[PDB]
Amino acid sequence: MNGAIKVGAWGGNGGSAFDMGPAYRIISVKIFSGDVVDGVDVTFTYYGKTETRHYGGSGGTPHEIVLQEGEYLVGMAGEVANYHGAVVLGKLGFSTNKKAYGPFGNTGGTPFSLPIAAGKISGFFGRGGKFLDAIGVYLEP
Amino acid sequence: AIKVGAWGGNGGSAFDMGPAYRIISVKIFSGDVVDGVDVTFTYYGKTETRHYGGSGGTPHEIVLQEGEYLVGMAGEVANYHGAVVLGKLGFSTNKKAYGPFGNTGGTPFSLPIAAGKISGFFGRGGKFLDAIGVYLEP
Ligand SMILES: CO[C@H]1O[C@H](CO)[C@@H](O)[C@H](O[C@@H]2OC[C@@H](O)[C@H](O)[C@H]2O)[C@@H]1O
Ligand SMILES: CO[C@H]1O[C@H](CO)[C@@H](O)[C@H](O[C@@H]2OC[C@@H](O)[C@H](O)[C@H]2O)[C@@H]1O
Ligand SMILES: CO[C@H]1O[C@H](CO)[C@@H](O)[C@H](O[C@@H]2OC[C@@H](O)[C@H](O)[C@H]2O)[C@@H]1O
Ligand SMILES: CO[C@H]1O[C@H](CO)[C@@H](O)[C@H](O[C@@H]2OC[C@@H](O)[C@H](O)[C@H]2O)[C@@H]1O
């Protein structure tokens with residue numbers, strides 16, 4: 001709504017829906033992984049107030065992406081597959097107009113990729129439970 | 001503008017349809033792979049048609065009804081007798097899913113659109129549909 005563009009929601013239908021909504025500016029993204037992707041922590045700006053959100057499960061190790069001045073998320077890729085009877089993100093990575101990150105996780109599966117030729121990622125939405133079942137993004141020029 | 005993707009190889013020649021006011025229909029030509037696609041859409045009062053890719057293949061057409069948009073595109077890019085091209089391609093409207101069309105698998109890709117729509121295409125084409133991307137709008 002309000003002219004938002006939300007693409008994807010890659011993963012399984014398990015867990016419970018989460019939605020960060022779009023950010024005025026993303027400060028950092030911390031991906032937590034082990035065999036698969038556990039969760040994602042996002043620190044951003046909204047209404048001139050800094051916020052942090054915790055999505056997915058609490059396990060895994062942290063991998064942090066800090067966006068410098070003028071750096072933006074222009075790509076997201078990963079893999080979805082089964083893990084103990086549940087379809088979730090086995091791998092996840094991002095790219096910025098400066099460098100690529102990840103992928104993080106170790107469980108292979110059905111790949112997916114979202115290279116962005118024009119525009120950037122501005123927020124996240126998806127599904128979380130014990131792990132990160134599904135992840136999608138908000139886009140903007 | 002929001003341009004996502006460009007799934008496929010680096011062969012062929014670049015093509016950019018640019019955004020449309022409203023897409024009318026899309027025809028996908030496929031055989032072993034995805035030969036090409038035709039797009040009929042309105043644009044500032046005029047009705048236009050564009051073709052990307054080669055001339056081979058059999059067509060599969062998607063005709064959008066009133067208040068019907070493309071909210072998804074899936075397929076598979078792979079190495080066909082030496083050329084990295086789209087081996088399979090399909091689309092989804094807010095009411096039905098089409099294809100994918102083509103019979104050559106490879107590394108998959110998919111783009112469900114929870115909010116917004118596909119307003120145009122861009123990519124690369126030659127004898128076949130080398131690569132394809134889309135423009136997105138609210
Ligand atoms: C099976 O355990 C491995 O895979 C899990 C899923 O990716 C992952 O969460 C596990 O990591 C641990 O989770 C619990 C935390 O308290 C630990 O610090 C963390 O290492 C593990 O990688
Ligand atoms: C191990 O189960 C927990 O973690 C899973 C992966 O994160 C997650 O999918 C599970 O959620 C359940 O999935 C099946 C649905 O029918 C349930 O309503 C949902 O809670 C669970 O969080
Ligand atoms: C069979 O070759 C034609 O069809 C291919 C698939 O569509 C296409 O990739 C080919 O394009 C050439 O690829 C190699 C480049 O170096 C050339 O410049 C390009 O024309 C060709 O159209
Ligand atoms: C190898 O031939 C099959 O796969 C090709 C790539 O998808 C495809 O183009 C071929 O289709 C034919 O192309 C030439 C036209 O004149 C034919 O009518 C058409 O069937 C074929 O599917």
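Keep in mind that the numbers below use all heavy atoms, side chains included, and drop hydrogens, waters and symmetry copies. Chain A is the first sequence line, chain B the second, and so forth, proteins listed ahead of strands; every chain is numbered from 1.
Proximity to chain A is limited to the side chain of B:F122, based on heavy atoms less than 4.5 angstrom apart.
From B:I2, atom CD1 reaches atom CD1 of A:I116 across 8.0 Å, with rounding to the nearest 0.5 Å.
Contacts with chain B were tallied for A:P115, A:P111, A:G119; A:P115 has the most, counting heavy-atom pairs under 4.5 Å.
Annotation for B:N79: atom CG counts as buried by contact number, over 12 foreign heavy atoms lying within 6.0 Å.
Nearest heavy-atom pair across B:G5 and A:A117 is O-CB, 4.2 Å. Between A:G3 and B:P138, the shortest heavy-atom distance links the atoms O-CG, 3.4 Å.
Hydrophobic clustering keeps A:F124 apart from A:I27 (ILVMFWY residues linked when any side-chain heavy atoms are closer than 4.5 Å, directly or through intermediates). Cluster membership for B:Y80 and B:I28, using ILVMFWY side-chain heavy atoms within less than 4.5 angstrom, is not shared. Linking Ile, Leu, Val, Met, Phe, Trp and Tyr residues whenever their side-chain heavy atoms come within less than 4.5 Å leaves A:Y72 and A:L92 in two separate clusters. Hydrophobic clustering (ILVMFWY, side-chain heavy atoms < 4.5 Å, transitive): A:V87 and A:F104 are in one cluster.
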